[PDB]
$ cat model24.pdb   # PDB, C-alpha atoms
MODEL        1
ATOM      1  CA  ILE G 325      66.480  62.725 -43.701
ATOM      2  CA  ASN G 326      67.593  66.287 -44.471
ATOM      3  CA  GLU G 327      67.280  67.121 -40.775
ATOM      4  CA  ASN G 328      69.033  63.888 -39.792
ATOM      5  CA  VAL G 329      71.967  64.317 -42.184
ATOM      6  CA  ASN G 330      72.364  67.915 -41.003
ATOM      7  CA  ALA G 331      72.372  66.654 -37.414
ATOM      8  CA  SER G 332      75.041  64.151 -38.441
ATOM      9  CA  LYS G 333      76.762  67.106 -40.151
ATOM     10  CA  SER G 334      77.816  68.282 -36.696
ATOM     11  CA  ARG G 335      80.336  66.839 -34.216
ATOM     12  CA  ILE G 336      81.654  65.329 -37.456
ATOM     13  CA  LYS G 337      82.404  68.528 -39.401
ATOM     14  CA  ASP G 338      80.913  71.359 -37.333
ATOM     15  CA  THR G 339      83.116  72.293 -34.377
ATOM     16  CA  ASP G 340      81.964  72.975 -30.849
ATOM     17  CA  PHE G 341      83.017  75.895 -28.677
ATOM     18  CA  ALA G 342      82.853  74.274 -25.227
ATOM     19  CA  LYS G 343      85.743  71.808 -25.290
ATOM     20  CA  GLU G 344      87.724  73.393 -28.123
ATOM     21  CA  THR G 345      88.054  76.845 -26.550
ATOM     22  CA  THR G 346      89.544  75.503 -23.315
ATOM     23  CA  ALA G 347      91.985  73.672 -25.586
ATOM     24  CA  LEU G 348      92.776  76.976 -27.309
ATOM     25  CA  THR G 349      93.267  78.737 -23.970
ATOM     26  CA  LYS G 350      95.313  75.813 -22.643
ATOM     27  CA  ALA G 351      97.495  75.966 -25.756
ATOM     28  CA  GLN G 352      97.807  79.753 -25.468
ATOM     29  CA  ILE G 353      98.780  79.493 -21.795
ATOM     30  CA  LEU G 354     101.215  76.714 -22.709
ATOM     31  CA  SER G 355     102.745  78.984 -25.354
ATOM     32  CA  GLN G 356     103.003  81.766 -22.766
ATOM     33  CA  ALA G 357     104.843  79.445 -20.376
ATOM     34  CA  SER G 358     106.997  78.090 -23.207
ATOM     35  CA  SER G 359     108.017  81.602 -24.263
ATOM     36  CA  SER G 360     108.709  82.547 -20.639
ATOM     37  CA  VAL G 361     110.790  79.451 -19.854
ATOM     38  CA  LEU G 362     113.514  80.484 -22.313
ATOM     39  CA  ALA G 363     113.567  83.942 -20.713
ATOM     40  CA  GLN G 364     114.777  82.129 -17.577
ATOM     41  CA  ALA G 365     117.232  79.975 -19.560
ATOM     42  CA  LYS G 366     119.036  82.541 -21.738
ATOM     43  CA  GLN G 367     120.988  83.919 -18.765
ATOM     44  CA  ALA G 368     121.987  80.437 -17.565
ATOM     45  CA  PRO G 369     124.949  80.162 -20.002
ATOM     46  CA  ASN G 370     125.908  83.743 -19.117
ATOM     47  CA  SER G 371     125.895  82.950 -15.395
ATOM     48  CA  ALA G 372     127.868  79.775 -16.111
ATOM     49  CA  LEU G 373     130.547  81.839 -17.865
ATOM     50  CA  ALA G 374     130.466  84.397 -15.031
ATOM     51  CA  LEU G 375     132.655  82.227 -12.771
ATOM     52  CA  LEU G 376     135.728  83.454 -14.686
ATOM     53  CA  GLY G 377     136.287  86.842 -16.294
TER      54      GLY G 377
ATOM     55  CA  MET P   1     106.353  79.420 -29.209
ATOM     56  CA  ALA P   2     107.499  80.204 -32.761
ATOM     57  CA  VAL P   3     108.594  83.837 -33.019
ATOM     58  CA  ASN P   4     107.685  85.605 -36.271
ATOM     59  CA  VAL P   5     106.352  89.055 -37.185
ATOM     60  CA  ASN P   6     107.138  89.567 -40.895
ATOM     61  CA  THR P   7     104.199  87.237 -41.617
ATOM     62  CA  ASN P   8     101.006  86.272 -39.777
ATOM     63  CA  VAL P   9      99.431  83.218 -41.395
ATOM     64  CA  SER P  10      96.876  82.987 -38.574
ATOM     65  CA  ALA P  11      95.521  86.439 -39.428
ATOM     66  CA  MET P  12      95.533  85.625 -43.149
ATOM     67  CA  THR P  13      93.535  82.423 -42.623
ATOM     68  CA  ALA P  14      91.153  84.231 -40.270
ATOM     69  CA  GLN P  15      90.672  86.943 -42.896
ATOM     70  CA  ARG P  16      90.001  84.339 -45.593
ATOM     71  CA  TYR P  17      87.146  82.878 -43.546
ATOM     72  CA  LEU P  18      86.094  86.405 -42.562
ATOM     73  CA  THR P  19      85.659  87.416 -46.200
ATOM     74  CA  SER P  20      83.717  84.296 -47.178
ATOM     75  CA  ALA P  21      81.447  84.354 -44.120
ATOM     76  CA  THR P  22      79.935  87.824 -44.557
ATOM     77  CA  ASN P  23      80.078  87.743 -48.350
ATOM     78  CA  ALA P  24      77.137  85.346 -48.090
ATOM     79  CA  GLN P  25      75.780  87.524 -45.282
ATOM     80  CA  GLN P  26      76.002  90.453 -47.695
ATOM     81  CA  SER P  27      73.847  88.368 -50.027
ATOM     82  CA  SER P  28      71.405  88.533 -47.114
ATOM     83  CA  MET P  29      69.865  91.835 -45.932
ATOM     84  CA  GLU P  30      68.764  92.101 -49.573
ATOM     85  CA  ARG P  31      66.642  88.989 -50.027
ATOM     86  CA  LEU P  32      64.894  90.018 -46.802
ATOM     87  CA  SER P  33      64.163  93.559 -47.988
ATOM     88  CA  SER P  34      63.319  92.696 -51.598
ATOM     89  CA  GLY P  35      61.288  89.643 -50.626
ATOM     90  CA  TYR P  36      62.887  87.672 -53.476
ATOM     91  CA  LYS P  37      65.540  84.980 -53.145
ATOM     92  CA  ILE P  38      66.563  85.694 -56.763
ATOM     93  CA  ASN P  39      67.831  89.179 -57.587
ATOM     94  CA  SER P  40      70.827  88.553 -59.855
ATOM     95  CA  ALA P  41      71.658  85.912 -62.444
ATOM     96  CA  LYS P  42      74.867  85.125 -60.533
ATOM     97  CA  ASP P  43      72.734  83.526 -57.800
ATOM     98  CA  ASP P  44      70.663  80.988 -59.776
ATOM     99  CA  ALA P  45      70.810  81.379 -63.555
ATOM    100  CA  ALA P  46      68.329  78.564 -64.191
ATOM    101  CA  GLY P  47      65.921  80.009 -61.635
ATOM    102  CA  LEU P  48      65.981  83.444 -63.259
ATOM    103  CA  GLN P  49      64.892  82.140 -66.672
ATOM    104  CA  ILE P  50      61.935  80.148 -65.346
ATOM    105  CA  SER P  51      60.917  82.861 -62.872
ATOM    106  CA  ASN P  52      60.760  85.521 -65.595
ATOM    107  CA  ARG P  53      58.741  83.191 -67.825
ATOM    108  CA  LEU P  54      56.317  82.497 -64.975
TER     109      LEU P  54
ENDMDL
END
$ encode --input "model24.pdb" --output "structure tokens"
Amino acid sequence: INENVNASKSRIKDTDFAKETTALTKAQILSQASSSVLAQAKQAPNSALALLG
Amino acid sequence: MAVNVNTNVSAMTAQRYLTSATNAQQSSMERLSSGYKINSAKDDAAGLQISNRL
């Protein structure tokens, strides 16, 4: 039972590295895109104002 | 993306698990060399009393 409860003490509490790391990298890439998307949106109001001096 | 540099809670949490993880590991490398799983009363106080009596 000690072996069985330790086996059940995994995928319940113990994390895996296979599916969770690609979620970490996906989130990190998403954060990279999310930080970059505002870098292409900050100049949009400036260009909008640029029609008139 | 949440910009912040005056604090890094991710590093603080990682350090908190860092300290706890190899604190127990530091308790190792000594039980192996000594050959005893009891070396200090802070580990198992009840075990120390009975082990000394035995």
$ interface_residues --input "model24.pdb" --of "chain G" --to "chain P" --cutoff "8 Å" --atoms "all atoms listed in the file" --output "MDAnalysis selection string"
chainID G and resid 355:356 358:359
$ atom_distance --input "model24.pdb" --atom1 "atom CA of residue P:51" --atom2 "atom CA of residue P:30"
18.0 Å
$ residues_around --input "model24.pdb" --residues "residue P:40" --least-positions-apart "5" --cutoff "12 Å" --atoms "only C-alpha atoms" --output "VMD selection string"
chain P and resid 27 30 to 31 34 45 to 49 51 to 52
$ atom_distance --input "model24.pdb" --atom1 "atom CA of residue G:343" --atom2 "atom CA of residue P:21"
23.0 Å
$ atom_distance --input "model24.pdb" --atom1 "atom CA of residue P:36" --atom2 "atom CA of residue P:20"
22.0 Å
$ axis_aligned_box --input "model24.pdb" --around "stretch 36-44 of chain P" --padding-each-side "6 Å" --output "AutoDock Vina command-line options"
--center_x 68.9 --center_y 85.1 --center_z -57.8 --size_x 24.0 --size_y 20.2 --size_z 21.3
